[PDB]
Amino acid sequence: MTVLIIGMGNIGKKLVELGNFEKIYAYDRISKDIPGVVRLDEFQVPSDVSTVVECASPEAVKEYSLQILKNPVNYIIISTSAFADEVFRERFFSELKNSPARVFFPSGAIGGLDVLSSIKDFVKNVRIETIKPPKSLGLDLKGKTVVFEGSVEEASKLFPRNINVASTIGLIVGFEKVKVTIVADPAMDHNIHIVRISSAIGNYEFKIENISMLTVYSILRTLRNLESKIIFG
């Protein structure tokens, strides 16, 4: 299929090298030498694009979402942190009911969204804890320390970085039901995600220790799935 990739950062260039595409349109405010892509200069959704993939920034999701939705394409979004904004979220799904498009929210850096999606109406609450090494926060500590705790909306305001995982989760069960905790642990070599889910159907715990590659393959699997006979999860 022909596709439009928004953003040529670590994830964009990676999709271009691993993906199998006849044609690739790419838009990125910068202008680095483009390899096997048709670097656009003015954003737009070419008529032969069957799928659009956003992997730029929350602001990009907000800037083009409206236009993208006019077109009858599969719309893959990863910068979900943008949905932590009540006003933008309302606007988006409005355009979507009228839209001929289809939106896909791949799990990204976490997993367990298959069951969380199935039992979403029954979820009582979701606790997502991120444990980063002190170094990655310019901190020197002798023990674990909570650097933040509250809603997804607030977490995004102070951490314009991640807060994408929690947002996709919020988009599934409702934001009011998600609590975010960011912990700095001097004993931690790498980043970790722990998703604790309480519901009327059962309780689930998902621990993620990524050694972001996971998100890349998460996108690829979604694209591959569009054209596959064997679908898992």
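Residue positions are given as counts along the sequence shown, with the first one as 1.
**Q** Please classify the unmodelled stretch of the deposited sequence between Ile211 and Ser212: none, 1 to 3, 4 to 9, or 10 or more residues.
**A** Gap between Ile211 and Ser212: 4 to 9 residues without coordinates.
**Q** On average, which has the higher Cα B-factor in the deposited entry, 160 to 168 or 188 to 196?
**A** The stretch with the larger average C-alpha B-factor is 160 to 168.
**Q** On mean Cα temperature factor in this entry, is 201 to 209 or 40 to 48 the higher one?
**A** The entry gives the higher C-alpha B-factor average to 40 to 48.
**Q** Among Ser94, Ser79, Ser107, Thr130, where is the Cα B factor highest in this entry?
**A** Within the set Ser94, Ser79, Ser107, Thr130, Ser94 shows the top C-alpha B-factor.
**Q** If you check the C-alpha B-factor for each of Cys55, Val173, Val180, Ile30 in the entry, which is highest?
**A** Highest C-alpha B-factor among the listed residues goes to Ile30.
**Q** Quick check for you: using the entry's CA B-factors within this chain, is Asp85 in the lowest, middle or highest third?
**A** Tercile = highest for this residue's CA B-factor.
**Q** Would you mind ranking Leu139 by its C-alpha B-factor against the rest of the chain and naming the third, lowest, middle or highest?
**A** Within its chain, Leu139 is a middle-third residue by C-alpha B-factor, going by the deposited values.
**Q** For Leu116, return the chain-relative third of its C-alpha B-factor as stated in the PDB record: lowest, middle or highest.
**A** It belongs to the lowest third of the chain when residues are ordered by C-alpha B-factor.
**Q** For the chain shown, is the CA B-factor of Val73 in the lowest, middle or highest third of its modelled residues?
**A** For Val73, whose C-alpha B-factor we compare with every modelled residue in the chain, the answer is the middle third.
**Q** According to the PDB entry, is the CA B factor of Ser218 in the bottom, middle or top third of its chain, that is, lowest, middle or highest?
**A** As the PDB entry reports it, the C-alpha B-factor of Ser218 lands in the lowest third of its chain.
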